[PDB]
Amino acid sequence: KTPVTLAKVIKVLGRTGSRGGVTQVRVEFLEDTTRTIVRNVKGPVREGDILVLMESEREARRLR
Amino acid sequence: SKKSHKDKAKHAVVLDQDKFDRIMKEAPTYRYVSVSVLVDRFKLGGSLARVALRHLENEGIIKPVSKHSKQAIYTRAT
Amino acid sequence: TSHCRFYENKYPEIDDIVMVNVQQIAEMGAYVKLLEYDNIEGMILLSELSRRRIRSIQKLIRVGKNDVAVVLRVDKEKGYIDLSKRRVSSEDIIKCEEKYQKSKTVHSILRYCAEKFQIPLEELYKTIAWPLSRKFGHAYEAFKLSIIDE
Amino acid sequence: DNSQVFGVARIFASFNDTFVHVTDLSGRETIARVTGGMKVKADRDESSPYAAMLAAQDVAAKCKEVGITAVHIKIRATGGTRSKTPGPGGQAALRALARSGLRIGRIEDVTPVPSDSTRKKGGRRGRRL
Amino acid sequence: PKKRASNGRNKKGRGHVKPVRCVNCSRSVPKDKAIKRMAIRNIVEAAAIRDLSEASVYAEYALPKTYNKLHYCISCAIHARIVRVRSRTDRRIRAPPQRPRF
Amino acid sequence: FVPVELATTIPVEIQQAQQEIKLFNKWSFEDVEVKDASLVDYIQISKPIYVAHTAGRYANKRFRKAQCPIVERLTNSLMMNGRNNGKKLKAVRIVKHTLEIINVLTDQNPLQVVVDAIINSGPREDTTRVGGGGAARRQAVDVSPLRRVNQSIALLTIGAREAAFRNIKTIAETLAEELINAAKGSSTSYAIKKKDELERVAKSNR
RNA sequence: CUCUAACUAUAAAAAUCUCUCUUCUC
Ligand SMILES: [Mg+2]
Ligand SMILES: [Mg+2]
Ligand SMILES: [Mg+2]
Ligand SMILES: [Zn+2]
């Protein structure tokens, strides 16, 4: 199965994690633009990028 | 230290008539042959590998495209 | 050539119990060979490594030995083994030990021929393994019955 | 009705090993008892949302196989003596049930609550972790 | 010394109060000095209200809520961030901290 | 086509009709593209370049790195374990020889082969050590586009290193072969192998 | 000079410690 999903971040939700390197991002999926989901991403990010997700069901909370 | 290498001779540095024929036969059908690509097939030690390579560039069996030191690019001619 | 897996097929089944041999540890866990199934590497993750908390790692894995564990998921397409050490029953550990010893005895038995007659070990074991393991149980009982009545 | 096959999800969400256990309207005939621990390996992320989500997806597949389409969820916590508080997994299980095709109706809070019964566990000074 | 005039208890005229057990640490504590929070919550968060909505017969459901009255201890409450150690002159202000959401 | 008269004439292959700027006068920045839509804007093949070495001030701000040509980034990351540190000249010739090799075996404009290897080699979901003290366990996270690109390129060059060390095989050929193996979903590539391992350690530890 | 709404979620382990204490009026 190849259910790869794509999502464009619309707002950067600061940076979470004890390491201080992981970003919470509010991404709206390119397909079904009406829906938005917040997820964690490791690595530099800026709004307007489009990111890749293996799973889209998982909602990401703060990483403690 | 330990006898873990277990590396054999793995190379014949100077060709015989048999390996001469194998080189001149398998010279085509290979899109790319280098010094170490030639070494890979176990048929030459490697110092004479480039000797054999330049000696296949005598009647244009293999055309050269880049002639830099330590790395020359040879492609079979057609 | 120590090869030609003990059981019917090369690729391990699902949720199956094994004993494994350790060779190296990179940073996450250890992808280490198996001497219960075919020698394809099986990888253990540190989350599934130690019943006690992770503070020393070189004493619980003891690289270069035999350790009881159970394989969770198997990749039979090109060969990846997901292998787990914790969720093993205290009574099934004895099962793993005895089964590993039985397979070790089978390996020891069917190596003498391959080295005395220099024929392929894989061919001879493939010929022998059809009545050997699948009849109704392990080979050792069959071998003992054969020596007392072939 | 629109020729629907109603069911009840009745999630039980403790602080460990979220439960998803669908049954009929009579409540007696059980369907898809698969729980959170069924679908996670650690035996300790059982309360995590992932376990509940995979359990809910497998329940949804079983329900589609058996025909039950719309559901009547009964969210439950351990309650009673223990903390009266919903677990984290059960909500994610409910969301996963919502996503995968099935329909909902009349979600209920069925937390068992006592009227000060059961002199309960902990002692005077209580937990001393 | 007298840390608080009200003794930090809020009994002041009852003699004895019925103890209640903490939600987390299970410590018995006088019901008045048993810091209490009305956890009134919607049964699902906004990240799933949609998901449930389009997967719902009976359009525009009431979406029933869950209510609870958490009777913490004081040790759990100070540890689990419910109550905060404030300054001396700020102790005497008993109003809730200025409209949590405005 | 338009030969120009000069008191000093640059040869034909450099002079004739090169208003079609080429990397090494043999491979076109046209006819090459990014197969995956996600990584675009971070594999900068837009600006034509004649030499994969420029005095770029590509680290002053946070995201001037993505403006560097991808080939130049591969050059600069090729020379790690910098006993060779500096020496970008030899890195440029190593990568140029690698491009020639890729042109020889399954040509497919090696620029596209590099792009395809980058696309297939960058991990998409990774893990992080945020477990606090007691239950020291690793948790899943998504991978940023630039982080994906850097991991792909550095993993490719370190694989070229692992192939090249104390080996008769020359590093140009080693890195080239890694790019063939990474252009397709071949498991023999070290970079693709590490990518798959990291993807699985993310998948299992959600 | 008329106004009564929105919410999240951690408690792994961590013991012990030698001298030597003294000076302000113009
Ligand atoms: Mg404490
Ligand atoms: Mg005091
Ligand atoms: Mg009080
Ligand atoms: Zn408490």
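We did not get these values from a lab; they are worked out from the coordinates using the rules stated. Using ideal geometry, Cβ is built from the backbone for each residue, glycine included, and neighbour counts are taken over all protein chains shown.
Things worth noting here:
- Dividing the summed -39500 (n - 2.57) terms of all DSSP H runs of n ≥ 4 by the residue count of chain E sets its mean residue ellipticity at 222 nm at -3500 deg cm²/dmol.
- 222 nm mean residue ellipticity, helices alone, for chain D (DSSP H n ≥ 4; -39,500 (n - 2.57); rounded to 500): -7500 deg cm²/dmol
- Alpha-carbon centroids, region A:24-64 and region D:108-122: separation in whole Å: 40 Å
- Largest to smallest principal axis extent of the C-alpha atoms in region D:1-80, angstrom: 41, 30, 18
- Alpha-carbon centroids, region E:59-82 and region B:1-26: separation in whole Å: 78 Å
- In summary, the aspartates and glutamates within cross-link reach of E:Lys12, defined as a Cα separation below 15 angstrom excluding same-chain residues under 8 places away, comprise E:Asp32.
- Judged by the ratio a/c of the largest to the smallest principal axis of the C-alpha gyration tensor, region C:54-94 counts as oblate, that ratio being 1.5 or greater while a/b is no larger than b/c.
- A simple spin-label model places the labels of C:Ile119 and F:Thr9 7.8 nm from each other, with each point 7 Å out along Cα-to-Cβ.
- FRET efficiency for C:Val88 and C:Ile57, using Cβ-Cβ distance with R0 set to 22 Å, rounded to 0.05: 0.70
- When both bridge partners sit in the protein assembly as shown, DSSP labels roughly 85% of those beta bridges antiparallel.
- Once the Cα atoms are used to define both axes, helix C:92-116 deviates from the longest principal axis of chain C by about 50 degrees.
- Sorted fewest first by neighbouring Cβ atoms within 10 angstrom, F:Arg161, B:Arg22 come out as B:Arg22, F:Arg161.
- The GluC sites (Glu not before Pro) of chain B meeting both criteria, a DSSP state outside H, G, I, E and B (loop) and at most 12 other C-beta atoms within 10 angstrom of the site's C-beta, are B:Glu59.
- For region B:9-78: rounded, prolate or oblate by the Cα gyration tensor [a/c cutoff 1.5]: oblate
- Between helix C:139-148 and chain C: long-axis angle, C-alpha atoms, 0 to 90°, nearest 10: 30 degrees
- Temperature 25 °C, viscosity 0.890 mPa s: under these conditions the Stokes-Einstein estimate for chain E, based on its Kirkwood radius over C-alpha pairs, is 145 µm² per second.
- Calculated on C-alpha atoms, the gyration radius of the protein assembly as shown divided by its Kirkwood radius gives an Rg/Rh of 1.06.
- Exposure proxy ranking, count of Cβ atoms within 10 Å, fewest first, for B:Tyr74, C:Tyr112, F:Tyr190: C:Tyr112, F:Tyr190, B:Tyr74
- Taking each of C:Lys59/C:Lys85; D:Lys121/E:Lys65; C:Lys65/C:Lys85; B:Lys19/B:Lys67; C:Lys10/C:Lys59; B:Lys25/B:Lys63 in turn, the alpha-carbon distance tops 20 angstrom for D:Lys121/E:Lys65; B:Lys19/B:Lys67; C:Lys10/C:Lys59.
- Cα-only Debye scattering, region F:114-180: base-10 log of I(q)/I(0) at q = 0.16, 0.22, 0.28 Å⁻¹: -0.65, -0.87, -1.11
- Debye-sum result for chain A in log10 I(q)/I(0), which assumes one identical scatterer on each alpha carbon, at q = 0.18 Å⁻¹: -0.61
- Annotation: region D:8-129 has a Kirkwood hydrodynamic radius of 14.9 angstrom, from the mean reciprocal C-alpha pair distance.
- Region D:1-40: chymotrypsin sites (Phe, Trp or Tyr not before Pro) falling in loop per DSSP and having at most 16 other Cβ within 10 Å: D:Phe15
- Fewest-first sequence of C:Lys126, E:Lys3 by Cβ atoms within 10 Å of each Cβ: E:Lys3, C:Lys126
- From the alpha carbon centroid of region C:75-109 to that of region D:44-80 is 34 Å.
- Site-free segments of chain F were taken between GluC sites (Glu not before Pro) in DSSP loops having at most 13 other Cβ atoms within 10 Å, sites themselves excluded; the longest one is F:34-206.
- Working note: Cα atoms of region D:67-109, range along each principal axis, descending, whole Å: 37, 17, 14.
- The alpha-carbon positions of chain C define a convex hull whose volume is 135 Å³ per residue.
- Debye log10 I(q)/I(0) for chain F, one point scatterer per Cα, at q = 0.09, 0.11, 0.18 Å⁻¹: -0.40, -0.58, -1.32
- In this structure, the residue pairs whose Cα-Cα separation is over 27 Å, taken from E:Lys18/E:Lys69; A:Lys1/D:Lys62; B:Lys43/C:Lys116; A:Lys1/C:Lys99; D:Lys39/D:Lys64, are B:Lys43/C:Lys116; A:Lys1/C:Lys99.
- Angle in degrees between helix F:110-121 and the longest Cα principal axis of chain F, rounded to the nearest 10: 10 degrees
- Equivalent ellipsoid, region C:16-91 (semi-axes from 5 times Cα gyration tensor eigenvalues, Å): 19, 14, 12
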